[PDB]
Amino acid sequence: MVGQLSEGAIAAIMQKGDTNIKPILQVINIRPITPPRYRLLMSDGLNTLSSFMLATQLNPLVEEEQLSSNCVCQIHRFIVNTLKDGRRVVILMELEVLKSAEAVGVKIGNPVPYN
């Protein structure tokens, strides 16, 4: 099932800062930071990365439970913000949920944290 995810997309974002790609990613976890701001742990099958942030305009996808842990989504627009210390925050601007959490049911594959 890992062939369903854009393996290598997290490394490409973190090395190249590519924003043209439309990677297919699995949500591993979502958590609100305190009008909620959602931080996402995402997987591309090979790696996870925890510095994804949901743009406020996408909050309805969480509020209506379309975007939830274990779902698979395709990113259609995102921005990278590189911190002074070199870590990168990935702001998800537009996305489509391709397969619901219920339909997927579990983490895909055995991704390891990016470093």
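Residue indices: 1-based, along the sequence shown.
Asks: Unmodelled residues of the deposited sequence between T34 and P35: none, 1 to 3, 4 to 9, or 10 or more?
Replies: The entry has a gap there, with 4 to 9 residues left out between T34 and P35.
Asks: Averaging the C-alpha B factors as listed in the entry, name the stretch that ends up higher: 5-13 or 100-108.
Replies: It is 100-108 that shows the higher mean C-alpha B-factor.
Asks: Identify the stretch, either 90-98 or 15-23, whose C-alpha atoms have the larger mean B-factor according to the entry.
Replies: Taking the mean B-factor of the alpha carbons in each, 15-23 is higher.
Asks: Which of these has the highest Cα B-factor in the record: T82, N59, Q74, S43?
Replies: Highest CA B-factor of the listed options: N59.
Asks: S51's Cα B-factor: lowest, middle or highest third of the chain?
Replies: Answer is lowest: the recorded C-alpha B-factor places it there.
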